[PDB]
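Here's the structure, in C-alpha cells; my notes come after.
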Amino acid sequence: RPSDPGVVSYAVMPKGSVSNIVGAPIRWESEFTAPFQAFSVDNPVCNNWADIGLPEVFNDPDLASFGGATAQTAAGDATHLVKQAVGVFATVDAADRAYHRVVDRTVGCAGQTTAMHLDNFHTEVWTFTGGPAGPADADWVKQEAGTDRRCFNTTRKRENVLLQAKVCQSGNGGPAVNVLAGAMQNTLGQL
Amino acid sequence: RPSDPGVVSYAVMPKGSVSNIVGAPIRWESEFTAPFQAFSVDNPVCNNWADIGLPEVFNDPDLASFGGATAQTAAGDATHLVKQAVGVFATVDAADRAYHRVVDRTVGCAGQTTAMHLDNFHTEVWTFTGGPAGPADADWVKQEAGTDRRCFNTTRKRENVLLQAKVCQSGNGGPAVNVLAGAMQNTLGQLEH
Ligand SMILES: [Mg+2]
C-alpha cells in the first residue's frame, strides 16, 4: 500500500543508527525538510548523480512530504559522511516521474570527470561511475580526484516514495549504503 | 450515532499530532473556541472557500459546541500551515444546513482568481479549483498567485458534526489533509453500536 506523508519523520535514520550502520563514530548531524542543491556542476548530465535530495528531482506539484539528514564524524570532520533524502508523493506515478528525473537525466554521466562548484566557493573534481539504472533501483559512485574518497549512492522507488542514501569514505561505503537504504525502506509501512 | 458536544475538546489535533501527519516540524499553534473571519474577498462566491471555521457557516441557533486550531512550522514561519474547525450541532439536519452554507454559496468559485484583504492589512491573490461537492464531503484547493503554495481543504458532514481541515504548503497537502480529517473523525464517537 502507499505511504502516508508522515513516514518521512521516521524513515530518516538518526546519527546513532548511522554510526551503527557504517561502523564508525558519527557525532554530528543536520536535518533538512526541503530539497536543496548547494552546488553547480560543469557537465550537466552529472547534476542528478552529484548529490541526493535535489530540487529538480523531488520538487513537484505532487510532492506531499520530504525529509533528509547529513551526518558526519564530527562538526568540521566529514571523514565519514552519510546523507539521506525521503520524498512521499501523492501518487505512485509522481514517484515514478521523480525516479526518472534521476535516471533519465544522468545517461552519459558514467565515465565522466567534472568540477562541482560548491555554493561556499570551494571547487571539487569528481569522477562518476555506474551501471544502467533498474526500473525502481539505481546505484552509482563518485570518486574525488587524487583521493581514495568515494561516495556510494543508491536511489529506491517504492510505491509513492522516492528515497536516496549516500555514504562517503575511503575504502568502500557500498555495503553501508545498502544496509542504510534497507533500514529506511523498512519504515515505509507499505508491507 | 450523533456526537455529544464534548467531542470538540479532543477532536482538534494538537501541533505534535499535526507534525506526525504532515511529516514536518510544527512548533507553533493557536487554539480558538469561536468561528471567526479575518479577511474579505473581492469575489463573494469564494468567501466560504477562502478559509475554514467561518461564522456564516458555523454560527447557528443549533450550534452546540465549536473548537479549532491554526498550527505552523514556527511563530513567524508558515512554510507548513494547518487549520482545523469542528462544530457539533444539536441535530443532524442543522449540521446538513451548515454543510450547505459551505457548498451552496461557493458554486462559481472554481476557476476564479480573487484578492483576499487580511485584517493585518496585507493583500493575497488566490486561484480556486475544486470539483462539485458530494452529499457530505466537499474538497477544494487555493493556490497563491505567482507561487507553488497550495492549500488543500476538506469539509465533511458526519451525523451532527461539520468538520473542516486545511493543509497549506508547496507540493501537495492533499494526502495530509485526508489523514488529518480521518484523525479528527476518529475522535467523534459516532460508530453506531
Ligand atoms: Mg441515528
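As shown in the C-alpha cells, the chain order sets the letters A, B, ...; within each chain, residues go from 1, and ligands are also counted from 1 in the order they appear.
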Neighbourhood of ligand 1 at 10 Å, counting only C-alpha atoms and all ligand atoms, reported as a PyMOL selection string: chain B and resi 1-2+92+159-160+190+192
Skipping near chain neighbours, those fewer than 2 positions away, what residues fall within 12 Å of residue 135 of chain A using only C-alpha atoms, listed as a compact mmCIF listing (two decimals) with N, CA and C atoms, in the first residue's frame?
```
# COMPACT_ATOMS: atom_id res chain seq x y z
N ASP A 96 7.30 7.75 -9.64
CA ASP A 96 7.98 7.17 -10.83
C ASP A 96 8.60 8.30 -11.66
N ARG A 97 7.88 9.40 -11.88
CA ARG A 97 8.43 10.54 -12.65
C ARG A 97 9.66 11.10 -11.92
N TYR A 99 11.71 9.47 -9.89
CA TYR A 99 12.76 8.44 -10.11
C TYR A 99 13.40 8.64 -11.49
N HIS A 100 12.58 8.86 -12.51
CA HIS A 100 13.05 9.03 -13.90
C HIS A 100 13.78 10.37 -14.08
N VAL A 102 15.91 11.36 -11.92
CA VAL A 102 17.29 10.91 -11.53
C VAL A 102 17.91 10.16 -12.71
N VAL A 103 17.25 9.11 -13.19
CA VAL A 103 17.93 8.08 -14.02
C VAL A 103 17.92 8.47 -15.50
N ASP A 104 16.92 9.20 -15.99
CA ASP A 104 16.89 9.60 -17.42
C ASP A 104 17.94 10.68 -17.68
N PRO A 132 23.73 0.71 -15.77
CA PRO A 132 22.37 1.14 -16.09
C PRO A 132 21.46 1.05 -14.86
N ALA A 133 20.57 2.03 -14.71
CA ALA A 133 19.53 2.06 -13.67
C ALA A 133 18.51 0.95 -13.95
N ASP A 137 15.37 0.99 -9.00
CA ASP A 137 16.61 0.91 -8.19
C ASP A 137 17.76 1.40 -9.06
N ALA A 138 18.54 2.37 -8.58
CA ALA A 138 19.70 2.92 -9.30
C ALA A 138 20.85 3.13 -8.31
N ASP A 139 22.03 2.64 -8.67
CA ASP A 139 23.27 2.81 -7.87
C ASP A 139 24.28 3.57 -8.72
N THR A 155 19.39 4.98 -5.10
CA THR A 155 18.05 5.58 -5.28
C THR A 155 17.04 4.44 -5.38
N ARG A 156 15.97 4.52 -4.59
CA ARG A 156 14.94 3.45 -4.47
C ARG A 156 13.56 4.08 -4.66
N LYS A 157 12.78 3.56 -5.60
CA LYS A 157 11.37 3.96 -5.81
C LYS A 157 10.50 2.83 -5.27
N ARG A 158 9.68 3.12 -4.26
CA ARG A 158 8.82 2.11 -3.59
C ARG A 158 7.42 2.70 -3.48
```
Check: which chain A residues lie within 12 Å of chain B using only C-alpha atoms, as number ranges by chain: A: 2-12, 31-35, 55, 58-68, 86-91, 94, 160
Residues flagged alpha helix (DSSP H) by DSSP in chain A, as a PyMOL selection string: chain A and resi 8-11+15-22+47-50+55-58+92-103+174-185
For the residues selected in the previous step, produce a file with C-alpha atoms as a PDB file, in the first residue's frame.
```pdb
ATOM      1  CA  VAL A   8       9.406  10.980   6.397  1.00  0.00           C
ATOM      2  CA  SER A   9       9.583  11.745  10.201  1.00  0.00           C
ATOM      3  CA  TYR A  10      10.588   8.032  10.779  1.00  0.00           C
ATOM      4  CA  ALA A  11      12.369   6.983   7.507  1.00  0.00           C
ATOM      5  CA  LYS A  15      23.257   9.757  13.700  1.00  0.00           C
ATOM      6  CA  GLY A  16      23.330   6.950  16.351  1.00  0.00           C
ATOM      7  CA  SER A  17      21.744   4.485  13.875  1.00  0.00           C
ATOM      8  CA  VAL A  18      24.048   5.774  11.069  1.00  0.00           C
ATOM      9  CA  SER A  19      27.117   5.150  13.355  1.00  0.00           C
ATOM     10  CA  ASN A  20      25.834   1.559  13.973  1.00  0.00           C
ATOM     11  CA  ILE A  21      25.491   1.023  10.159  1.00  0.00           C
ATOM     12  CA  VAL A  22      28.876   2.492   8.952  1.00  0.00           C
ATOM     13  CA  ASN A  47      23.787  17.032 -11.978  1.00  0.00           C
ATOM     14  CA  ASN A  48      21.437  14.314 -10.606  1.00  0.00           C
ATOM     15  CA  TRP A  49      24.377  11.991  -9.643  1.00  0.00           C
ATOM     16  CA  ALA A  50      26.453  14.798  -7.975  1.00  0.00           C
ATOM     17  CA  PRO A  55      15.040  20.125  -6.039  1.00  0.00           C
ATOM     18  CA  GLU A  56      14.884  19.182  -9.777  1.00  0.00           C
ATOM     19  CA  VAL A  57      14.314  15.514  -8.680  1.00  0.00           C
ATOM     20  CA  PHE A  58      11.915  15.969  -5.700  1.00  0.00           C
ATOM     21  CA  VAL A  92       2.731   6.245  -7.450  1.00  0.00           C
ATOM     22  CA  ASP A  93       3.057   7.834 -10.967  1.00  0.00           C
ATOM     23  CA  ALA A  94       4.550  11.067  -9.453  1.00  0.00           C
ATOM     24  CA  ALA A  95       7.168   8.999  -7.514  1.00  0.00           C
ATOM     25  CA  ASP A  96       7.978   7.172 -10.828  1.00  0.00           C
ATOM     26  CA  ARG A  97       8.429  10.545 -12.648  1.00  0.00           C
ATOM     27  CA  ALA A  98      10.767  11.720  -9.809  1.00  0.00           C
ATOM     28  CA  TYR A  99      12.755   8.436 -10.106  1.00  0.00           C
ATOM     29  CA  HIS A 100      13.052   9.033 -13.905  1.00  0.00           C
ATOM     30  CA  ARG A 101      14.300  12.629 -13.304  1.00  0.00           C
ATOM     31  CA  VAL A 102      17.286  10.911 -11.534  1.00  0.00           C
ATOM     32  CA  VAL A 103      17.929   8.076 -14.019  1.00  0.00           C
ATOM     33  CA  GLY A 174      28.682   0.408  -0.698  1.00  0.00           C
ATOM     34  CA  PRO A 175      27.803  -2.208   1.980  1.00  0.00           C
ATOM     35  CA  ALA A 176      26.796   0.574   4.453  1.00  0.00           C
ATOM     36  CA  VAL A 177      24.636   2.481   1.884  1.00  0.00           C
ATOM     37  CA  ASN A 178      22.774  -0.812   1.093  1.00  0.00           C
ATOM     38  CA  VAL A 179      22.230  -1.580   4.828  1.00  0.00           C
ATOM     39  CA  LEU A 180      21.074   2.077   5.315  1.00  0.00           C
ATOM     40  CA  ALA A 181      18.652   2.072   2.307  1.00  0.00           C
ATOM     41  CA  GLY A 182      17.234  -1.238   3.651  1.00  0.00           C
ATOM     42  CA  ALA A 183      16.695   0.332   7.125  1.00  0.00           C
ATOM     43  CA  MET A 184      14.958   3.386   5.515  1.00  0.00           C
ATOM     44  CA  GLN A 185      12.683   1.146   3.344  1.00  0.00           C
TER      45      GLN A 185
END
```
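With only C-alpha atoms taken into account, the protein and nucleic acid residues at most 10 Å from residue 112 of chain A (excluding it and anything under 6 positions from it in its own chain) are residues 43, 45, 46, 126, 127, 128, 129 and 142 of chain A.
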DSSP strand (DSSP E or B) selection over segment 12-157 of chain A, as a ChimeraX atom specification: /A:28-32,39-41,63-74,77-89,113-118,123-129,137-144,150-157
Pick from B:191, B:161, B:102, B:184, whichever lies nearest to residue 46 of chain B using only C-alpha atoms: B:102
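Atom CA of residue 186 of chain A lies 22.4 Å from atom CA of residue 24 of chain A.
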Contacts of segment 165-169 of chain A at 6 Å (only C-alpha atoms; same-chain gap of 5+ positions) as a PyMOL selection string: chain A and resi 80-84+149-154+177
All residues 7 Å or closer to residue 188 of chain B, only C-alpha atoms, same chain fewer than 2 positions away omitted, as JSON, numbers by chain: {"B": [3, 7, 11, 185, 186, 190]}
Go ahead and save the residues from that selection, with N, CA and C atoms, as a compact mmCIF listing (two decimals), in the first residue's frame.
```txt
# COMPACT_ATOMS: atom_id res chain seq x y z
N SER B 3 -22.66 12.82 17.80
CA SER B 3 -21.62 13.20 18.78
C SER B 3 -22.23 14.05 19.89
N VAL B 7 -17.13 16.40 22.34
CA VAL B 7 -16.09 15.82 21.45
C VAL B 7 -15.16 16.92 20.93
N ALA B 11 -11.32 16.61 19.47
CA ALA B 11 -11.40 16.37 18.01
C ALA B 11 -10.36 17.21 17.26
N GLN B 185 -12.17 12.75 12.65
CA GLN B 185 -13.42 11.96 12.64
C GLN B 185 -13.30 10.80 13.64
N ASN B 186 -12.11 10.22 13.79
CA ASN B 186 -11.88 9.04 14.66
C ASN B 186 -12.17 9.37 16.14
N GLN B 190 -18.83 8.25 16.83
CA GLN B 190 -20.06 8.10 16.01
C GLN B 190 -20.33 6.65 15.58
```
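Here atom CA of residue 12 of chain B and atom CA of residue 120 of chain B stand 25.4 Å from one another.
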